[PDB]
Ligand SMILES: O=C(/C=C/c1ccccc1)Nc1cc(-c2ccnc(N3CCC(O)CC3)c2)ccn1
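First, one chain by itself: the form solved without the ligand, in structure tokens.
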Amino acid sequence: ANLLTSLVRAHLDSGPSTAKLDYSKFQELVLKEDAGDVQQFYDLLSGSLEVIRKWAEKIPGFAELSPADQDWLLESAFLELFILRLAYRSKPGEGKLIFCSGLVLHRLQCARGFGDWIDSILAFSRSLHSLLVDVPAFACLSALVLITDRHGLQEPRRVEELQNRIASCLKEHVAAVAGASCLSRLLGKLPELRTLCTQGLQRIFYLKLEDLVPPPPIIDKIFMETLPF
């Protein structure tokens, strides 16, 4: 309710307004992988880093978790968060990727840096779009990606309480707007999203191997620490 309103205010402020979109570099007709492409891949990921952290700071309860638990939840869900907010923001029917700064790029502008990762993300975006998720449901869904069980939490029961809180909040709101199914269908995108995060881990691994441009330290850290091994 007031929780819901707070999750919404938090989501909308964490992205760009249709007025602040930048089509400056957009090329629908785009005429191996080189170092401009690898740099732009890391830059686009790096752009959401501070955005998602300020967004999490505004989820009620998140700052009452232990600071070690806050950092680990962010670090463990960064990739999934980046993917869900990009899939929701973008327009997959026209190949349009919209990033959280407002930059708009065509997918062919992105294919070389992202690999086929990017097509997988556009299929998920089509899929998510067909569900017609409203803004309050999405503001709940994304927060549930963050605030979830991870190995090594100091206070896993308090993470679980807050998750139940956000879940109840999502569950009402859905029921209120059209009396499993809907809910079940929306929660089904959590596991797709985990599998899609896998695919991003594979892409960083591959690029680290190539080593045209090294990943920036904080991307490299998230990659190394979220690898179970």
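In case it trips you up, residue 1 is the first one in the sequence shown, and so on.
Missing here is the form solved in complex with the ligand; even so, the following discussion is about that form.
- Every member of the trio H11, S17 and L132 reaches the ligand in the entry with it bound with some non-hydrogen atom inside 4.5 Å.
- Residue contact check for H106: none of its heavy atoms lie within 4.5 Å of the ligand in the entry with it bound.
- At the 4.5 Å threshold, heavy atoms of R89 reach the ligand in the entry with it bound.
- The ligand is not shown here, and in the entry with it bound it never comes within 4.5 Å of any heavy atom of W117.
- Mapping the unseen interface onto this chain, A111 falls outside it, with no heavy atom inside 4.5 Å of the ligand in the entry with it bound.
- Of the residues in 92 to 116, only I98 comes within 4.5 Å of the ligand in the entry with it bound through at least one heavy atom.
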